[PDB]
Each structure stands twice: as structure tokens, then as C-alpha cells.
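A.B. asks: with the input below, show me the fold.
(4 chains)
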Amino acid sequence: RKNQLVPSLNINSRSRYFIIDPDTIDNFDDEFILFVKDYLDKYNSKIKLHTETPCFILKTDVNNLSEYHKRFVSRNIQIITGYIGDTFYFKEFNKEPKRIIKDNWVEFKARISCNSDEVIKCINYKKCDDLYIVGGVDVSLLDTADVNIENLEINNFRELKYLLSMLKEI
Amino acid sequence: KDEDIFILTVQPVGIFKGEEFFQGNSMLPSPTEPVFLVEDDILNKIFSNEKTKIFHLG
Amino acid sequence: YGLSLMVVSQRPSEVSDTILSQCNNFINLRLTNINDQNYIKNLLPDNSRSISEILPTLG
Amino acid sequence: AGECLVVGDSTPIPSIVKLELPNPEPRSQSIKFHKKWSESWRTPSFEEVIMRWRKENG
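C.D. replies: Numbers count the residues shown, from 1 in each chain, chains lettered A, B, ... in the order given. Shown next is the protein structure:
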């Protein structure tokens, strides 16, 4: 399975979306931030060639997204959610980050949100290139017209890193 | 004239797709892509390899 | 039939061209003669004709 | 290795062709010096070779 994903994971300008179920994987609340931190240092590090922002959609409630946002802020990682309180904003989620090449600065590096009807509609508006469903999710309101639907199955974050070519051993 | 120029002209002599070395001038790198010197771990696979027909020359 | 040759010479331009042209491997040390350098560059494959300019400066 | 340039009247565009491998393949008359030098000492039949040298003069 790892060798089947390497050709797609080698393109710098390629949009990847993630659909993750927190319950399927173990120790999600204490290792998801580290997984994001060591995913972007490898796939979203270059300021010119890595020109598309990853999107992580978690099957959880809105009230749990603030904790993830503040945990990310504590680690000095800039992300957007699209929620401020309990109201979702279409413009904020779909905005394109601004880049300053001479300063190696980008305003945000990930779109971390929850699984909801409003969020799913935003995904369909701007279709991605690869979609990774992790843990098993319905995904019945998403337009899979010209999008790869590679289903990844794991039991821990080490396996996900091994599959995504971020670690040489299981 | 207060113009700092540090330009190196290099020539491709192979690729490192995976854990093995393939020769040939192909897969031109995109602009603004880092150069990372070279490590002894990857140089020990291009030359040393592993086979009975190995002759050391320093 | 099972023979091989190792031609060693400090003046490659003065060695017979019929024999030096059959050599496939070259171990070139420092060369300070223009004619010898040109002859070696002609013998060497095009894959190394760009790195062959380091011959006069070999330590 | 295994690629040939075809230039002639039978083709309109000269090109490089990756030739396949024969099945069965011809015999290879190549001597590997290093693997033959890695074995034990070999003593040839000096009487047979000089006898052939003497007899095969015409």
C-alpha cells in the first residue's frame, strides 16, 4: 500500500484532503497535533512549489475544534477553521493564503475543520486532487467526480506516517 | 557594486528514486528547490553496493 | 583467450594509438602536458569530458 | 545496452529501438578475471598444451 501512494505523494503542487475519524485511531487527542506538525514540514515546507493548503476534516463536534485550535496555537502553527464560536463562514474557509516569498511567510498552512453539511459543501465547491479517507467514513455528499478516493486503514499514527512516506519503519 | 552573487554550475549524473541510484539526465528540478550537499549514507550505495565482485581502490 | 593489459606511461601521446584506444578504464593522475591532456580527453568517454578539466590540478 | 539505432531505407524516421532479449540466448565467451582469481591455485596440463602447440602447425 505504501508503494502504491508514492507516485502521487511526490508532486509538489497537488491538493490532498483528509477525512479522519478520531475514534478509529488511538491516542488521537495527544498525537494529532504532532502528526500535523511533521506532515507540513515535509509536504508543505516550500514557499513557492508547495502552493496548495492541506485540509483535515475530523468527524467530531464543533465544540471540540476550539481545543484543537488552541493546542495548535500553543505550538506556533497557523491554521484556519472557519468557525468562530458556533457560526461557520464560507469566505473564511475558502480564502487562499497570502505568501511573502522574500520573508518565507504564509498566513496559514492547514484547513482543520469538522465534518458538517456546511463544510462538505465548501469541499465540493473547490475540488481537490487526492482524498484520503481514514478509519472509514460515509462520504456520500462529496462530489467524487475527478478526485482519487484512496481509502487508508490504520490503527495508530505510526502506521499513517509509514504509509505517507514520513517514516522508514513501522 | 554591492551585488552579492554566489552561483554554482552543476551537472546531473543520476537520480535517487527510492533507495537505489539510477543514472541519466532526467527529471529536471523545479526552480527554488534546496540543495542538501551529500551524505555518506547515500554515497555508500552508489559506489560500495554489495556483491562478491567488489574491488576496493581506496 | 584470457589476457589483459595495463599500459603505464607518463607521456600518453607517445604511446601507440592502436593499443591505447582499446583501454576501457582510465586511472588518470596529474598531467601537465597540453598534448597528453587533449589525447586523454579524446580517449575518455563524453560522460567525463566535462570533469576531465581537473587533470592538471590533481593533488 | 540493448538499444540500437536503425538507419536505412526500410524506415522513414531513424530511431532508437529497445531490442528484447533472445530466448534461447547465445553462448557468452567472457572470462571474469576477479572471480577466477578468487579461487584456489590452478595447475594446468602443461604437457597437453605444448603437445597441441607442436602438432597444430598446419
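
A.B. asks: wait, what's in contact with the residue nearest to residue A:92 when sequence neighbours are not counted?
C.D. replies: Using Cβ to Cβ, 6 or more residues apart in numbering or on different chains and skipping residues adjacent in sequence, the residue nearest residue A:92 is residue A:82, 5.3 Å away. Backbone N, C-alpha and C define where each C-beta goes, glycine included. Applying Cβ atoms under 8 Å, 6 or more residues apart in numbering or on different chains, one finds that residue A:82 lies in contact with A:88-90, A:92-93, A:111, A:113, A:119, A:122.

A.B. asks: mind listing which of the residues you listed are in strands?
C.D. replies: When the contacts of residue A:82 are checked against strands (DSSP state E), the matches are A:88, A:111, A:113.

A.B. asks: where neighbours are concerned, which of those residues has the most?
C.D. replies: Greatest neighbour count in the ones in strands among the contacts of residue A:82, by other Cβ atoms under 10 Å in any protein chain shown, goes to residue A:113: 26 neighbours.

A.B. asks: who's it bridged to?
C.D. replies: Beta-bridge partners recorded for residue A:113 (DSSP bridges): residue A:57.

A.B. asks: could you give the number of residues near the closest residue to residue D:33 other than its chain neighbours?
C.D. replies: Nearest non-adjacent residue to residue D:33, counting by Cβ to Cβ, 6+ apart: residue C:4, 6.6 Å away. When neighbours are defined as other Cβ under 10 Å, residue C:4 has 6 of them.

A.B. asks: for residue 52, helix, strand, or coil?
C.D. replies: If you meant another chain, say so; for now it's chain A. Counting by DSSP: H, G, I helix; E, B strand; the rest coil, the backbone at residue A:52 sits in coil.

A.B. asks: look at chain D instead
C.D. replies: Going by three-state DSSP: residue D:52 is helix.

A.B. asks: ok, how many other residues are close to it?
C.D. replies: For residue D:52, the tally of surrounding residues (other Cβ under 10 Å) stands at 10.

A.B. asks: identify the residues contacting it.
C.D. replies: If you count contacts by Cβ under 8 Å, 6+ apart, then residue D:52 has nothing around it.

A.B. asks: mind checking how far it is from chain B?
C.D. replies: As for residue D:52, its distance to chain B is 32 Å (criterion: Cβ to the nearest Cβ, to the nearest Å).

A.B. asks: ok, the residue nearest the centre of chain A - contacts?
C.D. replies: Per Cα atoms, centre = their mean, the C-alpha nearest to the average position across chain A is that of residue A:56, at 2.7 Å. By Cβ under 8 Å, 6+ apart, residue A:56 lies in contact with A:18, A:20, A:36, A:110-113.

A.B. asks: could I get the residues you listed as TSV with distance to residue D:12?
C.D. replies: Putting the contacts of residue A:56 into TSV (distance: Cβ to Cβ, whole Å) gives the following:
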residue	distance to residue D:12
A:18	52
A:20	57
A:36	57
A:110	55
A:111	55
A:112	59
A:113	59
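
A.B. asks: neighbour-wise, give me the winner out of these.
C.D. replies: Most surrounded of these: other Cβ under 10 Å gives residue A:113, at 26 neighbours.

A.B. asks: that residue: what's it in contact with?
C.D. replies: By Cβ under 8 Å, 6+ apart, the neighbours of residue A:113 are A:55-58, A:65, A:81-83, A:93, A:119.

A.B. asks: now do residue C:15
C.D. replies: Counting by Cβ under 8 Å, 6+ apart, residue C:15 touches C:7, C:9.

A.B. asks: try it again with 10 Å
C.D. replies: Residues near residue C:15 by Cβ atoms under 10 Å, 6 or more residues apart in numbering or on different chains: C:7-9, C:36, C:39.

A.B. asks: quick one, phi/psi of the closest residue to chain A within chain C?
C.D. replies: Residue of chain C nearest chain A, by Cβ to the nearest Cβ: residue C:47 (27.1 Å). When read as degrees, to the nearest 10, the backbone of residue C:47 gives phi -70, psi -20.

A.B. asks: hmm, residue B:13 and it touching each other?
C.D. replies: Yes. Counting by Cβ atoms under 10 Å, residue C:47 touches residue B:13, with 8.2 Å between them.

A.B. asks: so for the two, which residues contact both of them?
C.D. replies: Joint contacts of residue C:47 and residue B:13 (Cβ under 10 Å, 6+ apart) are residue B:23.

A.B. asks: between the two, which has more neighbouring residues?
C.D. replies: The residue with more neighbours, out of residue C:47 and residue B:13, is residue B:13; 14 against 9, by other Cβ under 10 Å.

A.B. asks: any idea how far residue D:1 is from residue D:21?
C.D. replies: Distance of residue D:21 to residue D:1, computed by Cβ to Cβ, to the nearest Å: 11 Å.

A.B. asks: show me the contacts for the residue nearest to residue C:23 when sequence neighbours are not counted.
C.D. replies: Nearest non-adjacent residue to residue C:23, counting by Cβ to Cβ, 6+ apart: residue C:7, 6.5 Å away. Counting by Cβ under 10 Å, 6+ apart, residue C:7 touches C:15-16, C:19-20, C:22-23.

A.B. asks: mind pulling up the phi and psi values for residue C:7?
C.D. replies: When read as degrees, to the nearest 10, the backbone of residue C:7 gives phi -80, psi 120.

A.B. asks: alright, calling it a day.
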